[PDB]
Structures are given as C-alpha cells and as structure tokens.
Participant: 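The structure under discussion is supplied below as structure tokens; questions concerning it will follow.
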Amino acid sequence: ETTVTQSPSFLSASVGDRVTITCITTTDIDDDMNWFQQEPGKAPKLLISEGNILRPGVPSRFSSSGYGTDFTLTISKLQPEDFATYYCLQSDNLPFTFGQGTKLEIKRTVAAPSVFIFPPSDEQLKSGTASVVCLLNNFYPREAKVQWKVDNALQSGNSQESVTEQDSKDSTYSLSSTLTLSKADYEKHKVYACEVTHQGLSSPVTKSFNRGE
Amino acid sequence: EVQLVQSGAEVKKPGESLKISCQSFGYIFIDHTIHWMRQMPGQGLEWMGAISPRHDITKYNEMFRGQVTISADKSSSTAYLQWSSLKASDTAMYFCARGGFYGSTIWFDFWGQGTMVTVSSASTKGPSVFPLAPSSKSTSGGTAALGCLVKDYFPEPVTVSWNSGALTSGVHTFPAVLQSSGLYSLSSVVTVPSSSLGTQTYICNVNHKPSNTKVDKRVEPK
Ligand SMILES: CCCCCCCCCCCCC/C=C/[C@@H](O)[C@@H](N)COP(=O)(O)O
Ligand SMILES: [Ca+2]
Ligand SMILES: [Ca+2]
Ligand SMILES: [Mg+2]
Ligand SMILES: [Mg+2]
Ligand SMILES: [Mg+2]
Ligand SMILES: [Mg+2]
C-alpha cells in the first residue's frame, strides 16, 4: 500500500494564527490528496478533494497544495471551530490509506492546576476495595506528571488517569488519577500522597492525607 | 439532501457474529459506491473495503479480507458490514461513506454517523456510586472540590448530572477508564465555593441505561 506520513501529529496555535500541515506519500499519487476534519464523537468531514478542490460550503481559509509525493494544508485565520483533528487521504490506488492525523489545540497562557486528593469512602471500604483519587483542575499546558506515594513508596502500574477535552470556555484541561488498592493493603499504610509536576508550578505540589485522620 | 444512516451501538462477546448497516437517503444508491472505515479507540482511520450495489462488486483491503463481508440490498438502499466471529480487537467505531468508481475524483463526501462496536467477555453490570467528599485536603482557596466515583460498570455509557441539571458550572465529568477487570470506571467532579458547603446540597445523578441503574447520591463534607 501507499504509506501516508502526516506531520506534525499535534500542534498548538492561537485563534487567528495561520498553520501548515504536511503529508508525504511513499508513491507518486499525482494530485489525489484529500483532506478531512474530524471533531470528537463525529464523522469526518471532507474539506478538499483531489486536485486541491475546496468542497462547496467549506471556508476559503482552508487551502492545499502539492503534486506527486509532497502535500500541504494551510488554515489561515484559525477560528475556534477549526481546532479539531485533520486527516489526509490518498485516493490514487487501492487500498485507500490515511495519514495518522494532526490534532490542533488552542494555545493559551500557562495555568497551574489546583490539586485535590480524595480518600476512599467508608462505603467503598465496606466492599473490599479502596480507590484514592487525585484531581488536577483547570491547567495548561496538557503535560502533567502525577506520582502516587504510599508511606514514601512510589506506586507504579497501580493507577489510571483520565483527561478532559480542552475546555470550550477557558481552554484548560483537567485530569483525574485513581490509585486502586485492596482494603487489606489500604489499611496497612498511613500516608497517601499525590505529587504533581507541571510547568505552571515552580516546584512540585504534594497533596496528602493520613488514613484514619 | 444526502444522508447515510447507520444502525445503533453494538455490544458483543468474542466469537459472536454481527451485521451492521448503513441506509442511504436523498440520492440514487446505484450511482455510487459505499465504503467502510474503521476507527479504533484513540486511533486514526482505516479503509476496510467497498461495494458497488449497481454491479454487485466488492473490493477489500488485504488486511480485512477474510475477516469481514460487505454486502448491499438495492431494494432498501442499504449497505452492510458483517463479521462471523468477532474478536476483542474489533472494538472500534465503524463508519460508512459514499464514493465513486475507477476514474472518479471525489471520495467520502458524505458519511454515516457511524456505529460503535464493543467486543468484550464482560457482562452487563450497573455501577456503584461512591462520594468524593469535600474536606480540607480538597479546599484550594475559598474553593472546594467534590464528586462521585462511578465504579465497575459495563458497557459504556453512563451519564452524570449534578443537582438534577441545576449545577453545571465547574463540573468535569471524566472520560471512563477500562480497568483490568474491566469494568469501566469514571469520576465526575465539581468545584464550588468553600462557603457552600455547608448550606448547599450537592447530589450527583447517575444513569446507566444498559443495566437500567439510576442513582441519586448526596455528597456531604468530611
Ligand atoms: C465497478 C467496481 C467498483 C468497485 C468498488 C469501488 C472501489 C473504488 C476503486 C477506485 C480506487 C482507485 C483510486 C483511483 C481513483 C481515480 O479515479 C482518481 N484518483 C482519478 O485518477 P487519476 O486522474 O489520478 O489517474
Ligand atoms: Ca489524480
Ligand atoms: Ca492517481
Ligand atoms: Mg504556533
Ligand atoms: Mg503566518
Ligand atoms: Mg476560545
Ligand atoms: Mg501497596
């Protein structure tokens, strides 16, 4: 198959900026490059078809170029609705093959997270399991390191994280990290700590509690 | 105008068979081809194959040939994608899209809305809802955080509101994680004035329609 290499995979830009994304193919596909936009939970939308043809109703801030093996898409004057994932597609030969995608994120100022820790509830403890939750609220950029420590022992492979989509109003992210232990393990330890490293913090922030207290 | 309408979400066990569908409206079905795309969770798009209903001709991506069958019914303008034996790794969103023939220059101009397929050994199970109670360890400035842990349910989705939809500001409902059980689990949190806390009642309303589980959980300080 023709391999399609799309770059960059991720790009931050401000509303109003202009950006250019590229796709390179392993075979000469003439002008058969196509561009799609996809928002989370939705089907892709065709923007531009073979021969750099903008589809009817697509804003003229989207344009493309390229012939052979090297292709680009430029979006000018980025609008908030433009911040989505873009995919290129070669339609020269079977099988149809897509680039791996470019996710465009809204750039904003650095914001440190507010950090909160939640001990397991007594109701959950009754059932034989303990979940400890650490919340990082309303931060930017998305990169954040969360470390769990139980009586100073670093927990590895013991936790799962989830991150929200960028907030439509303030362009921040929030993240939860859940540490899961047996009731038995939970009750043989005292200090539960969540340590957060983020570029908006001059040094790491630790939130902790002692079991019981 | 042109609409491609796909069938509803599917939840299946490994080894089971499945046929999903895509029905076309607003154009002549036999004038185009219908193509099937896979999008695995968090991944990009893969072209699986296509059918010309006019000519009863199918084309498959080599990586999918022998795993799936694409077919069409001209009478109802419907295209189908089917597996005879599903695997966990078939868990993905599936899209149909319209195209042309050899020589055509426009591809996937209209898409269905697409169909989620989950394949798991797990069985239907309602969640337990636990409070994430506000305290000092969860009071930043004059801001407190509280929430609900919605643990151990299958399949997706669950919905969460706060105070029957009256509380929307500062709410974050997280995407669920799939546990090694798995059983999914998610948390929903809200930040509120610490002076709340206190005097305002906070209730998370949890709905898991697959198990018909509905829970209203009051979340109280300390
Ligand atoms: C009747 C059989 C139908 C079978 C199912 C349909 C599958 C569609 C197959 C076409 C896939 C090859 C992609 C080629 C597309 C060309 O038409 C354009 N790039 C134009 O060709 P150019 O100008 O670049 O040479
Ligand atoms: Ca061409
Ligand atoms: Ca070509
Ligand atoms: Mg930039
Ligand atoms: Mg510029
Ligand atoms: Mg904005
Ligand atoms: Mg331990």
Side-chain angles (χ1 to χ4, degrees), chain A residues 1-2 4 6 32-50 53-58 84-101, chain B residues 1-10 19-40 43-55 57-61 63-64 68-74 76-82 90 92-117:
Chain A
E1 66 176 35
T2 295
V4 183
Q6 186 166 351
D32 299 333
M33 178 55 62
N34 307 267
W35 296 91
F36 295 87
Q37 182 190 69
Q38 190 184 28
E39 310 183 348
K42 296 181 172 188
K45 169 186 204 289
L46 178 64
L47 301 169
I48 292 166
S49 60
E50 312 178 352
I53 298 173
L54 192 60
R55 305 311 314 156
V58 184
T85 299
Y86 292 87
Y87 290 102
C88 58
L89 161 78
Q90 75 80 19
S91 55
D92 175 67
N93 71 87
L94 296 187
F96 290 96
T97 47
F98 290 88
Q100 106 270 292
Chain B
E1 229 273 320
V2 177
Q3 306 176 51
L4 275 54
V5 186
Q6 300 188 235
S7 55
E10 298 277 354
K19 173 147 78 170
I20 66 177
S21 69
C22 172
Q23 185 168 35
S24 292
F25 303 86
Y27 75 94
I28 303 159
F29 187 51
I30 63 163
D31 282 354
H32 300 274
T33 51
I34 294 293
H35 299 247
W36 286 95
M37 250 63 66
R38 187 173 70 174
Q39 183 164 47
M40 288 180 296
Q43 324 254 248
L45 294 155
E46 297 160 283
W47 178 84
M48 300 171 78
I51 188 153
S52 175
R54 181 184 286 270
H55 305 285
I57 282 173
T58 50
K59 290 268 129 68
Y60 298 89
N61 186 331
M63 81 155 149
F64 294 95
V68 297
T69 302
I70 297 163
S71 65
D73 176 30
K74 291 197 280 277
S76 55
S77 301
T78 304
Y80 303 93
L81 175 63
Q82 71 187 299
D90 292 324
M93 187 71 66
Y94 293 90
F95 292 103
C96 63
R98 199 183 73 169
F101 305 84
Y102 290 80
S104 297
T105 59
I106 302 170
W107 301 94
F108 320 145
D109 53 349
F110 301 90
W111 292 69
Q113 83 282 10
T115 294
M116 183 69 204
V117 176

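Each chain gets a letter, A, B and so on, in the order the sequences are listed, and its residues count up from 1. These numbers come from the heavy atoms of this one structure, side chains and all, not from hydrogens, waters or symmetry mates.
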Participant: So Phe108(B) and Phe95(B), ring pair (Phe, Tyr, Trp, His ring centres under 6.0 Å) or not? Walk me through it.
Facilitator: CA-CA 10 Å; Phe108(B) 320 145; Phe95(B) 292 103; over 10 Å; no

Participant: Let me confirm one number: the CG-OG1 distance from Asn93(A) to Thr2(A), rounded to the nearest 0.5 Å.
Facilitator: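 These two atoms lie 4.0 Å from each other.
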
Participant: Out of the candidates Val117(B), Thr115(B), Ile70(B), only one should pair with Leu81(B) under the side-chain contact (heavy atoms from CB on, under 4.5 Å) rule; please name it.
Facilitator: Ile70(B)

Participant: Can you see whether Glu50(A) engages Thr105(B) through a side-chain donor-acceptor pair at a distance of less than 3.5 angstrom?
Facilitator: no

Participant: For the residue pair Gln38(A) and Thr85(A), confirm or rule out a side-chain donor-acceptor distance under 3.5 Å.
Facilitator: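 No pair is found: no donor N or O on one side chain lies under 3.5 Å from an acceptor on the other.
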
Participant: For residues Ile53(A) and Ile106(B), determine if any side-chain heavy atom of one lies less than 4.5 Å from a side-chain heavy atom of the other.
Facilitator: no

Participant: Would you compute the distance between atom NZ of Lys19(B) and atom CD of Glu10(B) and round it to the nearest 0.5 angstrom?
Facilitator: 12.0 Å

Participant: How long is the span from the CZ atom in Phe64(B) to the CE atom in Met48(B), to the nearest 0.5 Å?
Facilitator: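 Output value for this atom pair is 4.5 Å.
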
Participant: Compare every heavy atom of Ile30(B) with every heavy atom of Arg54(B), then report the nearest pair and how far apart it is.
Facilitator: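 Smallest heavy-atom distance, with atoms named: NE-O, 3.0 Å.
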
Participant: Taking all heavy atoms of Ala43(A) and all of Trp111(B), pick out the closest pair and write down the distance.
Facilitator: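 Nearest pair, atom of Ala43(A) first, then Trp111(B): CB-CB, 3.8 Å.
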
Participant: Please report the closest heavy-atom contact between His35(B) and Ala50(B), naming both atoms and the distance.
Facilitator: ND1-CB, 3.3 Å

Participant: Could you go step by step and tell me if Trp36(B) and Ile20(B) meet the side-chain contact (heavy atoms from CB on, under 4.5 Å) rule?
Facilitator: CA-CA 11 Å; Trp36(B) 286 95; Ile20(B) 66 177; 3.9 Å; yes

Participant: Answer with yes or no whether the side chains of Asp109(B) and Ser49(A) bring together a donor and an acceptor at under 3.5 Å.
Facilitator: no

Participant: Side chains of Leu47(A) and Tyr86(A), heavy atoms from C-beta outward: is any pair under 4.5 Å?
Facilitator: yes

Participant: Would you give the length of the straight line joining atom CD of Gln113(B) to atom SG of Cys22(B), rounded to the nearest 0.5 angstrom?
Facilitator: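 Atom-to-atom, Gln113(B):CD and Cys22(B):SG are 8.0 Å apart.
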
Participant: Between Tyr87(A) and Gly44(B), what is the shortest heavy-atom contact and its length?
Facilitator: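 Smallest interatomic distance, heavy atoms only, reads OH-CA, 3.6 Å.
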
Participant: With side-chain contact (heavy atoms from CB on, under 4.5 Å) as the criterion, how do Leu89(A) and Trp47(B) come out once you've worked through the C-alpha distance, each side chain's angles and the decisive distance to 0.1 Å?
Facilitator: CA-CA 10 Å; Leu89(A) 161 78; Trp47(B) 178 84; over 6 Å; no

Participant: Do you know the tightest heavy-atom contact between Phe101(B) and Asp31(B)?
Facilitator: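 Taking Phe101(B) first and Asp31(B) second, the nearest heavy atoms are CE1-O, 3.3 Å.
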
Participant: Within this structure, what is the CE-CG distance for the pair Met40(B) and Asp90(B), rounded to the nearest 0.5 Å?
Facilitator: 9.5 Å

Participant: Dump the intermediate steps for side-chain hydrogen bond (donor to acceptor under 3.5 Å, both in side chains) on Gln90(A) and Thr97(A), then the final yes or no.
Facilitator: CA-CA 6 Å; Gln90(A) 75 80 19; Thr97(A) 47; 3.1 Å; yes

Participant: Just so I know, are the side chains of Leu4(B) and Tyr27(B) near enough to count as touching, which here means a heavy-atom distance under 4.5 Å?
Facilitator: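 Heavy-atom side-chain distance check passes, below 4.5 Å.
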
Participant: For the residue pair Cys88(A) and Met33(A), what are the closest heavy atoms and their distance?
Facilitator: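 Shortest heavy-atom contact: CB-SD, 3.4 Å.
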
Participant: Within the 4.5 Å heavy-atom criterion, are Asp73(B) and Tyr80(B) side-chain neighbours or not?
Facilitator: yes

Participant: Is there a side-chain contact (heavy atoms from CB on, under 4.5 Å) between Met37(B) and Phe96(A)? Walk through the geometry before answering.
Facilitator: CA-CA 10 Å; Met37(B) 250 63 66; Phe96(A) 290 96; over 6 Å; no

Participant: Please lay out, stage by stage, how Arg38(B) and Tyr94(B) fare under the test side-chain contact (heavy atoms from CB on, under 4.5 Å).
Facilitator: CA-CA 5 Å; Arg38(B) 187 173 70 174; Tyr94(B) 293 90; 3.5 Å; yes

Participant: Between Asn61(B) and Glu46(B), is any pair of side-chain heavy atoms under 4.5 Å apart?
Facilitator: no

Participant: CG of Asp92(A) to CG of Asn34(A): how many Å apart, nearest 0.5 Å?
Facilitator: 10.5 Å

